Each structure stands twice: as C-alpha cells, then as structure tokens.
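Read through the structure below, which is laid out as structure tokens, and then see the notes.
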Amino acid sequence: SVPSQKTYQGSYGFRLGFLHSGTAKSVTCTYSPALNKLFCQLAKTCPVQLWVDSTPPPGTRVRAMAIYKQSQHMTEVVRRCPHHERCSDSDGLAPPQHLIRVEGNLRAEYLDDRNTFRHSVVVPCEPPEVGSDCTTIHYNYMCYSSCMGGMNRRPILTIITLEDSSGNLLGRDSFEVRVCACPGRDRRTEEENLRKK
Ligand SMILES: CCn1c2ccc(C[NH2+]C)cc2c2ccc(-c3ccco3)cc21
Ligand SMILES: [Zn+2]
C-alpha cells in the first residue's frame with residue numbers, strides 16, 4: 001500500500017516551515033516554496049520547522065517517512081542503495097538501511113513496519129526553546145537521489161505526520177526532496193524550468 005500524503009492541519013493547526021537559505025553554489029540545504037521541494041547535499045543537516053496554533057498533548061510525536069513520488073514507483077519501499085547501506089556510517093541508532101535520520105536526538109526511534117516494510121523515524125514533539133517561535137527537527141538524507149540500485153534518479157517525497165501516543169493521525173504535511181551535489185544550482189534550474197513551463 002501507499003501511505004497518505006494529504007495535507008491535514010488537524011485540531012492543532014500543524015504545518016511545516018523552512019528557512020530561506022538562498023541558492024548560492026555553496027549552499028548545503030535549500031527549500032523551494034514554488035516547487036514544495038527541499039534540495040540538500042548527502043548526509044547534511046536539513047532544518048525542518050514544526051508549527052502549531054495550539055498546544056498538543058504530552059506524548060505527541062512527529063514521524064518522517066519517504067515514498068516515491070511517481071505513481072509507477074509509489075509501492076516500492078524507499079531505502080538506501082546497496083553501497084550506502086553497507087558503508088558503516090552508523091550513528092549508533094539509525095539502522096543502516098534507513099534513508100532518513102534525525103540528527104542529535106537521543107529519543108529518536110526507527111521503525112521497520114512489520115506489514116509494509118517501510119522505514120520511518122519518530123521523535124517526541126517538543127515545545128519551542130524559550131525565546132523561539134517554533135520547534136526545529138534536523139534531518140539527514142543518507143543517499144543521493146541518483147544512487148544506482150536505490151533511488152536511481154526517482155523523485156521522493158517526505159511525509160511528516162504529527163501523531164498521538166498510539167500512533168493515530170493528528171496532522172500531516174509533506175515535501176519533495178532531491179539529494180544532490182549542488183542544491184543551489186539544482187533549485188535554480190528546476191525553478192527556471194517551472195517558470196518556462
Ligand atoms: C509543534 C512544536 N510546537 C510548537 C510550534 C510553534 C508554536 C507557536 N509559537 C509561536 C508552539 C508550539 C508548541 C507548543 C507545545 C508543544 C508541545 C507540548 C507537548 C508536546 O509538544 C509543541 C509545540
Ligand atoms: Zn546511496
């Protein structure tokens with residue numbers, strides 16, 4: 001089956017936010033609102049903001065999962081390629097097969113779904129630090145979009161779900177991801193292609 005990607009703010013007004021990092025050749029992570037697409041380098045920090053209009057209950061969690069965007073591939077599990085799953089870059093918590101990691105959160109849990117075999121990473125939802133307006137999760141993507149035997153140039157989406165302590169849905173948002181060597185140039189190219197279209 002295919003997990004839902006429907007945007008759903010839910011009772012708490014849940015949605016994502018992204019920094020404005022620009023498109024310089026040196027940028028390591030940059031988000032395109034026009035494409036709803038994050039462009040990032042391999043294994044580099046991707047800050048994703050969480051916003052709500054009202055306070056959710058203790059025990060609320062935030063899960064991230066990748067799926068293929070194209071209909072002809074959506075049923076295939078997104079995983080790291082045959083090289084990267086074996087390169088011993090473990091952080092001590094993430095299974096080596098998982099594309100998406102959370103950086104710097106010892107409460108992150110990694111799920112291999114016993115029925116769908118899909119991978120996800122989930123953390124407790126936390127209020128913003130004192131003086132901040134939102135909460136940020138730092139994600140890493142551990143293969144290139146181009147990796148042969150893995151994503152193999154197929155576009156993916158990341159689905160972020162706000163969940164209760166049982167795993168029931170409270171909110172959902174999503175964004176496309178390209179993991180690439182030059183996110184700034186690729187964002188500029190894809191935005192210009194969109195404008196020409
Ligand atoms: C989703 C992260 N986030 C926010 C993000 C933005 C804002 C608005 N600021 C102007 C408030 C919150 C917030 C309030 C409570 C909790 C919370 C309580 C228990 C667990 O999580 C989590 C929260
Ligand atoms: Zn790879």
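Letters for chains follow the order of the structure tokens (A, B, ...), residue numbers begin at 1 for each chain, and ligand numbers begin at 1 in the order shown.
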What's the 9 Å shell around residue 138 in chain A, counting only C-alpha atoms, without same-chain residues fewer than 4 positions away, as a short mmCIF file (atom, residue, chain, number, x, y, z; two decimals) with N, CA and C atoms, in the first residue's frame?
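Listed below is the output, around23.cif:
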```
data_model
loop_
_atom_site.label_atom_id
_atom_site.label_comp_id
_atom_site.auth_asym_id
_atom_site.auth_seq_id
_atom_site.Cartn_x
_atom_site.Cartn_y
_atom_site.Cartn_z
N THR A 45 22.85 18.52 7.34
CA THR A 45 21.74 18.91 8.20
C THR A 45 20.64 19.60 7.40
N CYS A 46 19.40 19.14 7.57
CA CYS A 46 18.23 19.76 6.94
C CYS A 46 17.30 20.22 8.05
N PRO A 47 17.27 21.52 8.36
CA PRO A 47 16.37 22.01 9.41
C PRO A 47 14.94 22.07 8.88
N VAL A 48 14.02 21.44 9.59
CA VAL A 48 12.60 21.48 9.25
C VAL A 48 11.87 21.99 10.48
N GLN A 49 11.12 23.08 10.31
CA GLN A 49 10.36 23.66 11.41
C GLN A 49 9.00 23.00 11.54
N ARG A 101 17.42 10.05 8.67
CA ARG A 101 17.81 10.06 10.06
C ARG A 101 17.41 11.38 10.70
N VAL A 102 17.22 11.35 12.01
CA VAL A 102 17.16 12.56 12.82
C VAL A 102 18.51 12.73 13.49
N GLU A 103 19.07 13.93 13.37
CA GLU A 103 20.36 14.26 13.94
C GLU A 103 20.19 14.75 15.37
N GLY A 104 21.04 14.26 16.27
CA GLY A 104 21.18 14.87 17.58
C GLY A 104 19.97 14.77 18.48
N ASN A 105 19.20 13.70 18.38
CA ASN A 105 18.05 13.48 19.26
C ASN A 105 18.13 12.04 19.75
#
```
Item to check | Surrounding residues of residue 25 in chain A excluding itself and chain neighbours under 6 positions, 7 Å, only C-alpha atoms, as a PyMOL selection string | outcome: chain A and resi 182+184-185
Residues of chain A that have any atom at most 12 Å from an atom of ligand 1: could you tabulate them with the shortest-distance atom pair and the distance in Å to one decimal, using only C-alpha atoms and all ligand atoms, ordered by chain and increasing number, as JSON lines?
```
{"residue": "A:9", "atom": "CA", "partner": "ligand 1", "partner_atom_place_in_ligand_line": "1 (C)", "distance": 11.4}
{"residue": "A:12", "atom": "CA", "partner": "ligand 1", "partner_atom_place_in_ligand_line": "1 (C)", "distance": 8.7}
{"residue": "A:13", "atom": "CA", "partner": "ligand 1", "partner_atom_place_in_ligand_line": "1 (C)", "distance": 9.2}
{"residue": "A:14", "atom": "CA", "partner": "ligand 1", "partner_atom_place_in_ligand_line": "1 (C)", "distance": 6.9}
{"residue": "A:15", "atom": "CA", "partner": "ligand 1", "partner_atom_place_in_ligand_line": "1 (C)", "distance": 8.3}
{"residue": "A:16", "atom": "CA", "partner": "ligand 1", "partner_atom_place_in_ligand_line": "1 (C)", "distance": 8.8}
{"residue": "A:17", "atom": "CA", "partner": "ligand 1", "partner_atom_place_in_ligand_line": "5 (C)", "distance": 10.0}
{"residue": "A:48", "atom": "CA", "partner": "ligand 1", "partner_atom_place_in_ligand_line": "1 (C)", "distance": 11.0}
{"residue": "A:49", "atom": "CA", "partner": "ligand 1", "partner_atom_place_in_ligand_line": "5 (C)", "distance": 7.9}
{"residue": "A:50", "atom": "CA", "partner": "ligand 1", "partner_atom_place_in_ligand_line": "1 (C)", "distance": 4.7}
{"residue": "A:51", "atom": "CA", "partner": "ligand 1", "partner_atom_place_in_ligand_line": "5 (C)", "distance": 3.9}
{"residue": "A:52", "atom": "CA", "partner": "ligand 1", "partner_atom_place_in_ligand_line": "6 (C)", "distance": 4.8}
{"residue": "A:53", "atom": "CA", "partner": "ligand 1", "partner_atom_place_in_ligand_line": "8 (C)", "distance": 6.1}
{"residue": "A:54", "atom": "CA", "partner": "ligand 1", "partner_atom_place_in_ligand_line": "14 (C)", "distance": 6.4}
{"residue": "A:55", "atom": "CA", "partner": "ligand 1", "partner_atom_place_in_ligand_line": "15 (C)", "distance": 4.2}
{"residue": "A:56", "atom": "CA", "partner": "ligand 1", "partner_atom_place_in_ligand_line": "18 (C)", "distance": 5.2}
{"residue": "A:57", "atom": "CA", "partner": "ligand 1", "partner_atom_place_in_ligand_line": "19 (C)", "distance": 5.2}
{"residue": "A:58", "atom": "CA", "partner": "ligand 1", "partner_atom_place_in_ligand_line": "19 (C)", "distance": 4.4}
{"residue": "A:59", "atom": "CA", "partner": "ligand 1", "partner_atom_place_in_ligand_line": "20 (C)", "distance": 6.4}
{"residue": "A:60", "atom": "CA", "partner": "ligand 1", "partner_atom_place_in_ligand_line": "20 (C)", "distance": 5.6}
{"residue": "A:61", "atom": "CA", "partner": "ligand 1", "partner_atom_place_in_ligand_line": "20 (C)", "distance": 7.7}
{"residue": "A:62", "atom": "CA", "partner": "ligand 1", "partner_atom_place_in_ligand_line": "1 (C)", "distance": 8.4}
{"residue": "A:63", "atom": "CA", "partner": "ligand 1", "partner_atom_place_in_ligand_line": "1 (C)", "distance": 11.9}
{"residue": "A:123", "atom": "CA", "partner": "ligand 1", "partner_atom_place_in_ligand_line": "20 (C)", "distance": 10.6}
{"residue": "A:124", "atom": "CA", "partner": "ligand 1", "partner_atom_place_in_ligand_line": "20 (C)", "distance": 7.1}
{"residue": "A:125", "atom": "CA", "partner": "ligand 1", "partner_atom_place_in_ligand_line": "21 (O)", "distance": 4.5}
{"residue": "A:126", "atom": "CA", "partner": "ligand 1", "partner_atom_place_in_ligand_line": "21 (O)", "distance": 3.9}
{"residue": "A:127", "atom": "CA", "partner": "ligand 1", "partner_atom_place_in_ligand_line": "22 (C)", "distance": 3.5}
{"residue": "A:128", "atom": "CA", "partner": "ligand 1", "partner_atom_place_in_ligand_line": "4 (C)", "distance": 5.7}
{"residue": "A:129", "atom": "CA", "partner": "ligand 1", "partner_atom_place_in_ligand_line": "4 (C)", "distance": 9.4}
{"residue": "A:130", "atom": "CA", "partner": "ligand 1", "partner_atom_place_in_ligand_line": "9 (N)", "distance": 10.1}
{"residue": "A:131", "atom": "CA", "partner": "ligand 1", "partner_atom_place_in_ligand_line": "9 (N)", "distance": 9.5}
{"residue": "A:132", "atom": "CA", "partner": "ligand 1", "partner_atom_place_in_ligand_line": "9 (N)", "distance": 7.2}
{"residue": "A:133", "atom": "CA", "partner": "ligand 1", "partner_atom_place_in_ligand_line": "9 (N)", "distance": 4.0}
{"residue": "A:134", "atom": "CA", "partner": "ligand 1", "partner_atom_place_in_ligand_line": "6 (C)", "distance": 3.9}
{"residue": "A:135", "atom": "CA", "partner": "ligand 1", "partner_atom_place_in_ligand_line": "2 (C)", "distance": 4.8}
{"residue": "A:136", "atom": "CA", "partner": "ligand 1", "partner_atom_place_in_ligand_line": "2 (C)", "distance": 7.9}
{"residue": "A:137", "atom": "CA", "partner": "ligand 1", "partner_atom_place_in_ligand_line": "2 (C)", "distance": 9.6}
{"residue": "A:160", "atom": "CA", "partner": "ligand 1", "partner_atom_place_in_ligand_line": "1 (C)", "distance": 11.5}
{"residue": "A:161", "atom": "CA", "partner": "ligand 1", "partner_atom_place_in_ligand_line": "1 (C)", "distance": 10.9}
{"residue": "A:162", "atom": "CA", "partner": "ligand 1", "partner_atom_place_in_ligand_line": "1 (C)", "distance": 8.3}
{"residue": "A:163", "atom": "CA", "partner": "ligand 1", "partner_atom_place_in_ligand_line": "20 (C)", "distance": 10.7}
{"residue": "A:164", "atom": "CA", "partner": "ligand 1", "partner_atom_place_in_ligand_line": "20 (C)", "distance": 10.0}
{"residue": "A:165", "atom": "CA", "partner": "ligand 1", "partner_atom_place_in_ligand_line": "20 (C)", "distance": 10.7}
{"residue": "A:170", "atom": "CA", "partner": "ligand 1", "partner_atom_place_in_ligand_line": "1 (C)", "distance": 11.3}
{"residue": "A:171", "atom": "CA", "partner": "ligand 1", "partner_atom_place_in_ligand_line": "1 (C)", "distance": 10.3}
{"residue": "A:172", "atom": "CA", "partner": "ligand 1", "partner_atom_place_in_ligand_line": "1 (C)", "distance": 11.8}
```
Kindly assemble as a Markdown table a list of the chain A residues that lie within 10 Å of ligand 2, each paired with its nearest atom pair and their distance in Å to one decimal, using only C-alpha atoms and all ligand atoms, sorted first by chain and then by ascending residue number.
```
| residue | atom | partner | partner_atom_place_in_ligand_line | distance |
| --- | --- | --- | --- | --- |
| A:42 | CA | ligand 2 | 1 (Zn) | 9.0 |
| A:79 | CA | ligand 2 | 1 (Zn) | 8.8 |
| A:80 | CA | ligand 2 | 1 (Zn) | 5.4 |
| A:81 | CA | ligand 2 | 1 (Zn) | 4.3 |
| A:82 | CA | ligand 2 | 1 (Zn) | 6.9 |
| A:83 | CA | ligand 2 | 1 (Zn) | 5.8 |
| A:84 | CA | ligand 2 | 1 (Zn) | 4.5 |
| A:85 | CA | ligand 2 | 1 (Zn) | 7.3 |
| A:86 | CA | ligand 2 | 1 (Zn) | 9.5 |
| A:87 | CA | ligand 2 | 1 (Zn) | 9.4 |
| A:97 | CA | ligand 2 | 1 (Zn) | 9.8 |
| A:99 | CA | ligand 2 | 1 (Zn) | 8.7 |
| A:141 | CA | ligand 2 | 1 (Zn) | 9.7 |
| A:142 | CA | ligand 2 | 1 (Zn) | 6.9 |
| A:143 | CA | ligand 2 | 1 (Zn) | 3.8 |
| A:144 | CA | ligand 2 | 1 (Zn) | 5.5 |
| A:145 | CA | ligand 2 | 1 (Zn) | 7.8 |
| A:146 | CA | ligand 2 | 1 (Zn) | 7.7 |
| A:147 | CA | ligand 2 | 1 (Zn) | 4.5 |
| A:148 | CA | ligand 2 | 1 (Zn) | 7.1 |
| A:149 | CA | ligand 2 | 1 (Zn) | 7.9 |
| A:150 | CA | ligand 2 | 1 (Zn) | 6.3 |
| A:151 | CA | ligand 2 | 1 (Zn) | 7.7 |
| A:152 | CA | ligand 2 | 1 (Zn) | 8.8 |
```
Item to check | Residue nearest residue 154 in chain A - candidates A:175, A:195, A:69, A:110, atoms counted: only C-alpha atoms | outcome: A:69
Checklist entry - How many Å lie between CA of residue 140 in chain A and CA of residue 2 in chain A, rounded to one decimal? => result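 Interatomic distance here is 22.6 Å.
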Next on the checklist: Can you pull out the residues contacting residue 93 in chain A? Cut-off 9 Å, using only C-alpha atoms, and skip same-chain residues under 6 positions away; I want them as number ranges by chain.
Outcome noted: A: 106, 108-110
Limited to N, CA, C and O atoms, could you put the picked residues into a file as a compact mmCIF listing (two decimals), in the first residue's frame?
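Final output, saved to selection-v3.txt:
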```txt
# COMPACT_ATOMS: atom_id res chain seq x y z
N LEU A 106 18.54 11.87 21.01
CA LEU A 106 18.68 10.54 21.58
C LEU A 106 17.35 9.83 21.79
O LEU A 106 17.35 8.62 22.05
N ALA A 108 15.10 9.63 19.36
CA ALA A 108 14.63 9.17 18.06
C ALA A 108 14.47 7.66 18.06
O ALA A 108 15.32 6.93 18.60
N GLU A 109 13.39 7.18 17.46
CA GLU A 109 13.15 5.76 17.29
C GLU A 109 12.95 5.48 15.81
O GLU A 109 12.32 6.26 15.09
N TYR A 110 13.50 4.36 15.36
CA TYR A 110 13.46 3.96 13.96
C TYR A 110 12.58 2.73 13.82
O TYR A 110 12.78 1.73 14.53
```
Item to check | Test item, helix (DSSP H, G or I) assignment across chain A, answer as a ChimeraX atom specification | outcome: /A:84-86,183-196
Next on the checklist: Run DSSP on the backbone and tell me which residues of chain A come out as strand (DSSP E or B); list them as a VMD selection string.
Outcome noted: chain A and resid 8 15 to 17 29 to 32 37 to 40 46 to 51 61 to 68 100 to 102 109 to 112 119 to 124 135 to 141 156 to 163 169 to 179
Item to check | Close residues, residue 41 in chain A itself excluded, 7 Å, only C-alpha atoms, min 5 positions apart in chain, as a ChimeraX atom specification | outcome: /A:28-29,179-183
Checklist entry - Which distance in Å separates CA of residue 44 in chain A and CA of residue 68 in chain A, to one decimal? => result 20.8 Å
Next on the checklist: Give me the residues near range 76-78 of chain A as an MDAnalysis selection string, where near means some atom within 6 Å (using only C-alpha atoms) and where sequence neighbours in that chain fewer than 3 positions away do not count.
Outcome noted: chainID A and resid 67 73 118
Mind dumping the selected residues with N, CA and C atoms as an mmCIF file, in the first residue's frame?
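Ended up saving to out.cif:
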```
data_model
loop_
_atom_site.group_PDB
_atom_site.id
_atom_site.type_symbol
_atom_site.label_atom_id
_atom_site.label_comp_id
_atom_site.auth_asym_id
_atom_site.auth_seq_id
_atom_site.Cartn_x
_atom_site.Cartn_y
_atom_site.Cartn_z
ATOM 1 N N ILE A 67 8.479 8.297 0.519
ATOM 2 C CA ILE A 67 7.848 7.473 -0.505
ATOM 3 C C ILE A 67 8.269 7.998 -1.875
ATOM 4 N N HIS A 73 6.046 4.043 -9.084
ATOM 5 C CA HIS A 73 7.022 3.596 -8.102
ATOM 6 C C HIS A 73 6.547 3.725 -6.664
ATOM 7 N N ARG A 118 8.075 -0.502 5.321
ATOM 8 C CA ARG A 118 8.575 0.846 5.135
ATOM 9 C C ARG A 118 9.299 1.319 6.383
#
```
Could you pull the residues within 7 Å of residue 119 in chain A, counting only C-alpha atoms, minus those fewer than 6 positions along the same chain, as a PDB file with C-alpha atoms, in the first residue's frame?
```pdb
ATOM      1  CA  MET A  65       8.852   8.701   6.097  1.00  0.00           C
ATOM      2  CA  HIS A  98      17.181   3.912   6.559  1.00  0.00           C
ATOM      3  CA  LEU A 111      10.631   1.737  12.730  1.00  0.00           C
ATOM      4  CA  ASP A 112      10.704  -1.078  10.193  1.00  0.00           C
ATOM      5  CA  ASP A 113       6.983  -1.582   9.636  1.00  0.00           C
TER       6      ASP A 113
END
```
Checklist entry - What is the distance between CA of residue 114 in chain A and CA of residue 90 in chain A, in Å to one decimal? => result 22.3 Å
Checklist entry - Leaving out residue 31 in chain A and any residue of its chain fewer than 5 positions from it, which residues lie within 9 Å of it when counting only C-alpha atoms, given as JSON, numbers by chain? => result {"A": [18, 19, 20, 21, 22, 36, 37, 38, 39, 40, 187]}
For the residues selected in the previous step, produce a file with N, CA, C and O atoms as a PDB file, in the first residue's frame.
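For reference, part.pdb as written:
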```pdb
ATOM      1  N   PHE A  18      10.198  26.204   6.597  1.00  0.00           N
ATOM      2  CA  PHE A  18      11.556  26.057   6.102  1.00  0.00           C
ATOM      3  C   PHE A  18      12.270  27.399   6.129  1.00  0.00           C
ATOM      4  O   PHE A  18      11.662  28.454   5.950  1.00  0.00           O
ATOM      5  N   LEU A  19      13.576  27.344   6.356  1.00  0.00           N
ATOM      6  CA  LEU A  19      14.400  28.541   6.313  1.00  0.00           C
ATOM      7  C   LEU A  19      14.516  29.046   4.878  1.00  0.00           C
ATOM      8  O   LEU A  19      14.126  28.373   3.918  1.00  0.00           O
ATOM      9  N   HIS A  20      15.048  30.260   4.741  1.00  0.00           N
ATOM     10  CA  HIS A  20      15.300  30.886   3.445  1.00  0.00           C
ATOM     11  C   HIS A  20      16.810  30.940   3.249  1.00  0.00           C
ATOM     12  O   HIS A  20      17.464  31.927   3.578  1.00  0.00           O
ATOM     13  N   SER A  21      17.356  29.872   2.684  1.00  0.00           N
ATOM     14  CA  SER A  21      18.792  29.672   2.644  1.00  0.00           C
ATOM     15  C   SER A  21      19.439  30.143   1.354  1.00  0.00           C
ATOM     16  O   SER A  21      20.669  30.160   1.277  1.00  0.00           O
ATOM     17  N   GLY A  22      18.650  30.520   0.349  1.00  0.00           N
ATOM     18  CA  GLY A  22      19.195  31.005  -0.901  1.00  0.00           C
ATOM     19  C   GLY A  22      19.681  29.883  -1.798  1.00  0.00           C
ATOM     20  O   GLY A  22      19.552  28.696  -1.503  1.00  0.00           O
ATOM     21  N   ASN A  36       7.576  23.249  -3.735  1.00  0.00           N
ATOM     22  CA  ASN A  36       7.455  22.482  -2.485  1.00  0.00           C
ATOM     23  C   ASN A  36       8.496  21.371  -2.438  1.00  0.00           C
ATOM     24  O   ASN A  36       8.182  20.190  -2.293  1.00  0.00           O
ATOM     25  N   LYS A  37       9.758  21.772  -2.568  1.00  0.00           N
ATOM     26  CA  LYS A  37      10.829  20.807  -2.758  1.00  0.00           C
ATOM     27  C   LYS A  37      12.070  21.248  -2.003  1.00  0.00           C
ATOM     28  O   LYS A  37      12.518  22.389  -2.149  1.00  0.00           O
ATOM     29  N   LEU A  38      12.606  20.338  -1.190  1.00  0.00           N
ATOM     30  CA  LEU A  38      13.858  20.543  -0.483  1.00  0.00           C
ATOM     31  C   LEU A  38      14.994  19.959  -1.316  1.00  0.00           C
ATOM     32  O   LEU A  38      14.890  18.836  -1.820  1.00  0.00           O
ATOM     33  N   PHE A  39      16.078  20.718  -1.453  1.00  0.00           N
ATOM     34  CA  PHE A  39      17.286  20.282  -2.141  1.00  0.00           C
ATOM     35  C   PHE A  39      18.415  20.243  -1.122  1.00  0.00           C
ATOM     36  O   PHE A  39      18.666  21.242  -0.442  1.00  0.00           O
ATOM     37  N   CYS A  40      19.095  19.103  -0.998  1.00  0.00           N
ATOM     38  CA  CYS A  40      20.124  19.024   0.031  1.00  0.00           C
ATOM     39  C   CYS A  40      21.267  18.126  -0.414  1.00  0.00           C
ATOM     40  O   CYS A  40      21.104  17.243  -1.257  1.00  0.00           O
ATOM     41  N   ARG A 187      18.154  23.837  -7.509  1.00  0.00           N
ATOM     42  CA  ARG A 187      16.950  24.612  -7.221  1.00  0.00           C
ATOM     43  C   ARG A 187      16.740  25.701  -8.266  1.00  0.00           C
ATOM     44  O   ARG A 187      15.621  25.896  -8.758  1.00  0.00           O
TER      45      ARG A 187
END
```
